[PDB]
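**Student:** sequence-free structure coming up:
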Ligand SMILES: *[C@@H]1O[C@H](CO)[C@@H](O[C@@H]2O[C@H](CO)[C@@H](O[C@@H]3O[C@H](CO[C@H]4O[C@H](CO[C@H]5O[C@H](CO)[C@@H](O)[C@H](O)[C@@H]5O)[C@@H](O)[C@H](O[C@H]5O[C@H](CO)[C@@H](O)[C@H](O)[C@@H]5O)[C@@H]4O)[C@@H](O)[C@H](O[C@H]4O[C@H](CO)[C@@H](O)[C@H](O)[C@@H]4O[C@H]4O[C@H](CO)[C@@H](O)[C@H](O)[C@@H]4O[C@H]4O[C@H](CO)[C@@H](O)[C@H](O)[C@@H]4O)[C@@H]3O)[C@H](O)[C@H]2NC(C)=O)[C@H](O)[C@H]1NC(C)=O
Ligand SMILES: *[C@@H]1O[C@H](CO)[C@@H](O[C@@H]2O[C@H](CO)[C@@H](O[C@@H]3O[C@H](CO[C@H]4O[C@H](CO)[C@@H](O)[C@H](O[C@H]5O[C@H](CO)[C@@H](O)[C@H](O)[C@@H]5O)[C@@H]4O)[C@@H](O)[C@H](O[C@H]4O[C@H](CO)[C@@H](O)[C@H](O)[C@@H]4O)[C@@H]3O)[C@H](O)[C@H]2NC(C)=O)[C@H](O)[C@H]1NC(C)=O
Ligand SMILES: *[C@@H]1O[C@H](CO)[C@@H](O[C@@H]2O[C@H](CO)[C@@H](O[C@@H]3O[C@H](CO[C@H]4O[C@H](CO)[C@@H](O)[C@H](O)[C@@H]4O)[C@@H](O)[C@H](O)[C@@H]3O)[C@H](O)[C@H]2NC(C)=O)[C@H](O)[C@H]1NC(C)=O
Ligand SMILES: *[C@@H]1O[C@H](CO)[C@@H](O[C@@H]2O[C@H](CO)[C@@H](O[C@@H]3O[C@H](CO[C@H]4O[C@H](CO)[C@@H](O)[C@H](O)[C@@H]4O)[C@@H](O)[C@H](O)[C@@H]3O)[C@H](O)[C@H]2NC(C)=O)[C@H](O)[C@H]1NC(C)=O
Ligand SMILES: *[C@@H]1O[C@H](CO)[C@@H](O[C@@H]2O[C@H](CO)[C@@H](O)[C@H](O)[C@H]2NC(C)=O)[C@H](O)[C@H]1NC(C)=O
Ligand SMILES: *[C@@H]1O[C@H](CO)[C@@H](O)[C@H](O)[C@H]1NC(C)=O
C-alpha cells in the first residue's frame, strides 16, 4: 500500500501522525521465500537433526 | 461468428409483466455470458442484468429486483421479463453478449484481482412502448 | 538529508518572488535545521556559473547579503524556526534561473570549523517574462 | 450527457467522467442513435478486430493516469454517444455505464 | 575580489581513466576555503571535496583533491558513467562567495 502520512496538531507542540489515504490498490503485506532454497535448507536441518534423534 | 436477433410485442399495458426475447443464431452457448441493456429517451444506457451457463441470475440493484432473466439450450435462446411495468419503462431493449476478464493487480492467491465484463457483440434492440392508451 | 523548496514560478518584470526552503516537509516537525546551520541562496542562470545571493545565519536569522542584491533581497526565517525564505523584489529578465538553497556549517561548528554546502536542495525555476 | 465538438481531421480526446481509485479496466462504447452500441476499446487499450486503428485508450501503467479515448482523424461518421465503462479495484461492481459524451464533428 | 579560473571548460575522457581538473585563483587561498561541487542538469548538486582535500560523506575514494596557494586540483582516479558532469570550485573567506566557471566532462 502507498501510505499517506498526515500530521494532526493535538496540543501545543504535539503532533499525532495519522494514516491519510491509500493511493492506488489495497493489497496485503507479504513475504516471499524461494521454495527450492527453503526446501534444501530444511533438508540440511533435517540431516543435522537426525544425528540427535 | 455469433448472430443475435431480438423479438418482442412492443405493446404492453402498465402494471403487468413485459417479456422481450433474444434468439441467437450461428452457434450455441459455448463461450458467452448474456446480458440485457435498455435505453430510455432522455437518459443514457442502462445495464439491467446478465446470466451465464451456470444460471446465476445477477441483476442491477437499481432495477428493484422485479426482473427475471433466463435462457435455455433446448430452444437455445435468451429471455427477459420484468414485473409491474410503469409507463416510465419505455425504452429500446438490446440483447448483448459479454466476455469476462480478470484484472490482476497483485497476488492472485490473496484474491487481488477483479472481474469485469465487456459487451462485444450486440443487437439492434426492440422499441417497446408501455402505455394504456 | 535533503532540502525541500517551493515550486517553479513565472513572474512579470518589476514583481517579486518568494521561495521557501525546508529540511522536513512535515509542517509540525522539530527538525532544528536553521537553528544549527547557515543557509545559502545560490542562483544559476542558463549559460552562467552559479551566483551567490546571500546567506542566513542560524543564530537569530541574521542575513548576510551580496552587495549587488542588497537593495532588493530579503532573507527570512519562519517564526516556527523550521523554514527559511528568499524574497527577490524588482525582478528583471536576467533574474531568471534555477534558485538553490544550500546548508552549511560555515566555519562555526565547534570541533573542526569546516566550510561546505553539504546538503543542497532541489532548485526552484524562476522565469521572468512579459 | 456531455457535449463536445471537434473539427474534421483533428483529434478528439474524450475523458472518462469517473476517476479510478486503483488499477482499472476501461471499456469504451460508441452508440449512434438507432444503431447498436459498438465496443471500441476494452482492457484500457485493446481494440477488437473490426475497429480501426484511430481509436486509442490510455494504458493502465504507473497509477495516476486518466482514462481517455483518442480518435485521430475524426470522420463525419465518428459522431455518436461515447460511454466509458470504468472498472477498478476499489469501487466494486460497475453497474453504471456513466454519463455519455456526445461528439459533434464540425464542418 | 577573488576570481577562480577553471582551465579547460570542456574535457573529454573515456570511462576508467585518470582526470585532472584545475582551479586557479587570483590570490592566495586559505585551503580550508576551497570546495568542489558536482552539477548536472536535472539532479541535485552535491559537495564532492571540501577543505581542498577532504571527501564528503557520500563520496567515493576515486575522487581526491590537492593544492595550495592559488593552484587547486580535483582528480578522479577511475571515471565512471555518473562522473560525467560539470564540476565547480568555490572559495570561502569573504562575501560574495564566488564559484569557478566549471569544467564539464563528456565521454569519448
Ligand atoms: C512474491 O511472489 C509473488 C508470486 O506469487 C508475487 O506476486 C505477483 O505480484 C505482482 C504484483 O506486484 C502481480 O503482477 C501483476 O500481474 C498481472 C498478471 O499478469 C499475468 O497475466 C497477464 C495478462 O494475461 C492475459 O494474457 C495472457 C496471455 O499472455 C492470458 O493467458 C490471460 O488470460 C490474459 O488474457 C500477462 O500479461 C502476464 O504476463 C507477464 O509475464 C510473462 C511471463 O512471465 C511476460 O512475458 C509478460 O510480459 C508479463 O510480464 C501474466 O501472465 C499483470 O497483469 C499486472 O501488470 C499490470 O498491472 C499493473 C498494476 O495495475 C500495471 O502497472 C502493469 O503495467 C500491468 O498493466 C498492464 O496490463 C493490464 C492488463 O493486462 C492493462 O490493463 C494495463 O493497461 C497495462 O497494459 C500495458 O501492458 C500490457 C502488457 O504488459 C500491454 O498488453 C498493454 O497494451 C499495455 O501496454 C501485474 O504485473 C503478479 O500477478 C503476482 N504473481 C502471482 C503468481 O500472483 C509478489 O510480487 C512477490 N512479492 C515480493 C515482495 O517479491
Ligand atoms: C585572513 O584571510 C586572508 C585571505 O585568505 C589570509 O591570507 C591567506 O592566508 C593563507 C594561509 O594559509 C596563505 O596561504 C599560504 O601562503 C604562503 C605564502 O605563499 C607564497 O609562498 C609559497 C612558498 O611556500 C609559494 O609557493 C606561493 O606561491 C603560490 O601562491 C601564489 C599566490 O600567493 C600563486 O600566485 C603562485 O602561483 C603559487 O600558487 C606564494 O608565493 C605559503 O607558504 C603557504 O603554504 C603552506 O601551506 C600549504 C597549505 O597549508 C602547504 O601546502 C604548503 O606546503 C606550505 O606549507 C600557504 O599556501 C595565502 O597566501 C594568504 N592569501 C592572501 C591573499 O593573503 C590570511 O592569512 C588570514 N589571516 C588570518 C589571521 O587568518
Ligand atoms: C505513491 O503515491 C505518490 C502520490 O502521493 C506518488 O508520488 C508521485 O510520483 C510521481 C512520479 O513518481 C510524481 O510525478 C512527478 O511530478 C513532478 C512535478 O510535481 C511537483 O509538484 C507537486 C505538487 O505540485 C509535488 O508534490 C511534487 O513532489 C513535485 O514537486 C515532475 O517534475 C516529475 O517529472 C514527475 O512527473 C508526482 O508528483 C508524485 N506526487 C506526489 C504528491 O508526490 C508515488 O509515485 C507513489 N509511489 C509508488 C511506489 O507508487
Ligand atoms: C503558528 O501560528 C502562527 C500564527 O498564526 C503562524 O504564523 C503565521 O502563518 C501565516 C500563514 O502561514 C502567515 O501569513 C503568511 O504571510 C506570508 C508573507 O508574510 C508577510 O505577510 C504577513 C501577513 O500575511 C506579515 O505578518 C509578515 O510580516 C510578512 O510581511 C504570505 O506569503 C502568506 O500568503 C501568508 O499570508 C503569517 O505571516 C505567520 N506569522 C505570523 C506572525 O502571523 C504559524 O504558521 C503557525 N505555525 C505552524 C507550525 O503552523
Ligand atoms: C528478492 O529480491 C531480490 C532483489 O533484491 C531478487 O533477486 C534478484 O533476482 C533476479 C531474478 O532472479 C536477478 O536477475 C537479480 O540479479 C537478483 N538480484 C537483485 C539485486 O536484483 C530475488 O529474486 C527476490 N527473491 C524472492 C524470493 O522474491
Ligand atoms: C523437498 O526435498 C525432498 C527431498 O529432496 C523432497 O522429498 C520433497 O518433496 C521436497 N519438498 C518440496 C516442497 O519441494
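**Tutor:** Perfect, thanks for sending it. Residues are numbered from 1 along each chain as shown, chains lettered A, B, ... in the order given. Ligands and ions are numbered 1, 2, ... in the order given.
**Student:** in chain D, what residue is nearest chain E?
**Tutor:** Nearest to chain E, among the residues of chain D, is residue D:62, at 18.9 Å (CB to the nearest CB). For every residue, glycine as well, the C-beta is placed using N, CA and C.
**Student:** Tell me the spacing between that residue and residue D:21.
**Tutor:** 15 Å (CB to CB, to the nearest Å).
**Student:** Can you name the residues of chain C sitting close to chain A?
**Tutor:** By the rule CB under 8 Å from any CB of the partner chain, the part of chain C lying against chain A is C:26, C:27, C:28.
**Student:** are any of those buried, and which?
**Tutor:** Applying 16 or more other CB atoms under 10 Å in any protein chain shown to the residues of chain C next to chain A, the neighbour count classes residue C:28 as buried.
**Student:** Columns secondary structure and distance to chain E on top of the residues of chain C next to chain A, output as a markdown table?
**Tutor:** Below are the residues of chain C next to chain A laid out as a markdown table (DSSP: H, G, I helix; E, B strand; the rest coil; distance: CB to the nearest CB, whole Å):
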| residue | secondary structure | distance to chain E |
| --- | --- | --- |
| C:26 | coil | 20 |
| C:27 | coil | 22 |
| C:28 | coil | 25 |
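**Student:** So which of the residues of chain C next to chain A is the closest to residue D:8?
**Tutor:** Closest to residue D:8 out of the residues of chain C next to chain A is residue C:27 (51.9 Å), distances taken as CB to CB.
**Student:** Verify the stated contact: the closest one with residue A:7.
**Tutor:** Yes. Using CB atoms under 8 Å, residue C:27 is in contact with residue A:7, at 6.1 Å.
**Student:** show me the contacts for the most centrally placed residue in chain C.
**Tutor:** Note on chain C: the residue nearest the mean C-alpha position is residue C:41, at 3.4 Å, using CA atoms, centre = their mean. Contacts for residue C:41 (CB atoms under 8 Å, 6 or more residues apart in numbering or on different chains) come out as C:19, C:52, C:53, C:54, C:55, C:56, C:75, C:86, C:99, C:100, C:101, C:102.
**Student:** Distance of it relative to residue C:108?
**Tutor:** 18 Å.
**Student:** How are the strands of chain B distributed by residue range?
**Tutor:** Counting by DSSP state E, chain B has strands at residues B:3-7, B:11-12, B:18-25, B:33-39, B:45-51, B:58-59, B:67-72, B:77-82, B:91-104, B:113-121, B:126-130.
**Student:** So whichever residue of chain E sits closest to chain D: helix, strand or coil?
**Tutor:** The minimum distance from chain E to chain D, using CB to the nearest CB, falls at residue E:42 (18.9 Å). Following DSSP: H, G, I helix; E, B strand; the rest coil, we place residue E:42 in the coil state.
**Student:** Residue 9: neighbour count?
**Tutor:** Since you didn't name a chain, this refers to chain A. Counted with other CB atoms under 10 Å in any protein chain shown, the neighbours of residue A:9 add up to 11.
**Student:** Actually, chain B is the one I wanted.
**Tutor:** Neighbour count for residue B:9, taken as other CB under 10 Å: 11.
**Student:** Ok, residue A:18 next?
**Tutor:** The tally of other residues near residue A:18 (other CB under 10 Å) stands at 10.
**Student:** repeat for residue B:61
**Tutor:** Neighbours of residue B:61 under the rule other CB under 10 Å: 9.
**Student:** Can you tell me how far it is from ligand 3?
**Tutor:** Plainly put, residue B:61 is 33 Å away from ligand 3 if you go by CB to the nearest ligand atom, to the nearest Å.
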